[PDB]
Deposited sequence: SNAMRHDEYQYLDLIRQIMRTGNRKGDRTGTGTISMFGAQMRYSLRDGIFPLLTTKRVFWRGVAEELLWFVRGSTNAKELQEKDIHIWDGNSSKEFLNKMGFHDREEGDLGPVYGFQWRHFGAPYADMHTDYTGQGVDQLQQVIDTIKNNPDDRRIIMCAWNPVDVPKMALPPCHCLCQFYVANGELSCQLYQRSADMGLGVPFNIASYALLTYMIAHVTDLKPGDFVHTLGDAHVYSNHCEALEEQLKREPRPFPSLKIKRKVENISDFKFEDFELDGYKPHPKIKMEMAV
């Protein structure tokens, strides 16, 4: 059975048994597993996902950037001094615990580079149960433009496979969740590549999983759609370091989704 049915079964479950709040219908605690094996990329097909946005945003995080203008430059308006987002994902991943000044500050060697630490642990001690990258910083969350939805991610190694689990505190089943699946499925592919492992699974754990009430008629239309086979993902060239990836290095073959649906 197609992995995308876990996502639809949850929307269906939320709209039918979920808790209405004042405007969302929500449930607490969910878990999906997406296979990343044999080049399979879980880019959801019942609605078109902004692939370029997914990839460019992740490359921006990997760079350590806290400057929204660097994304606006790539005609990505998902994150719209001016452009200064505070110590968000890119800063937490590369410089956890460092004092935040501004987006122009050179933070090289400041704080914990969790991304490089997780990569080193996968190579030197793959059986380690502490391969975690945490963006949820209780000290820095009030300094951030928006508090992180993606709290932490854990990685696991078995039979030459790299697996990743994301903890998402807040999940919009409409627009949010498909983009979130792709971001962390791409991160796994990138870390797998630099650590000489094959991608395994992407485990998506949700806290407050919800649908917006004004999106329900559109979700009813989307629930009527049959998932199509997922596209394939290839990294065109040998990338030595995680910071060395470019959008052009990714080869997304066979992405054939159903049309986009308006969810205001």
item	value
Sequence ranges absent from the coordinates, based on the deposited chain and numbered from 1	1 to 4, 27 to 31, 90 to 105, 290 to 292
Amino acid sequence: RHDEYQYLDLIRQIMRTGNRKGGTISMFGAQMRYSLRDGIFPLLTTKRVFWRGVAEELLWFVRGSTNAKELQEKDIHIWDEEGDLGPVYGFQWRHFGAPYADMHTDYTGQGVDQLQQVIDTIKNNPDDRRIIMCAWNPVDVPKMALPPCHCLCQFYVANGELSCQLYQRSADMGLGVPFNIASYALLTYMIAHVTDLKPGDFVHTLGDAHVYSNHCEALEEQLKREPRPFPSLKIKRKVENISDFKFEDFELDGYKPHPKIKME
From here on, numbers count along this sequence of modelled residues.
| item | value |
| --- | --- |
| Higher-B stretch (mean Cα B-factor, as the entry records it), 29 to 37 or 223 to 231 | 223 to 231 |
| Greater mean Cα temperature factor according to the PDB record, 150 to 158 or 182 to 190 | 150 to 158 |
| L43, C216, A68, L206, ranked by C-alpha B-factor: the highest one | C216 |
| Selection by C-alpha B-factor (highest) of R63, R52, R237, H210 | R237 |
| Within-chain third of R130 by Cα B-factor, per the entry | middle |
| Assigned third (lowest, middle, highest) for the C-alpha B factor of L175 | highest |
| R169 - Cα temperature factor, lowest/middle/highest third of chain | lowest |
| Chain thirds of CA B-factor: placement of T105 | highest |
| Lowest, middle or highest third - CA B-factor, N124 | highest |
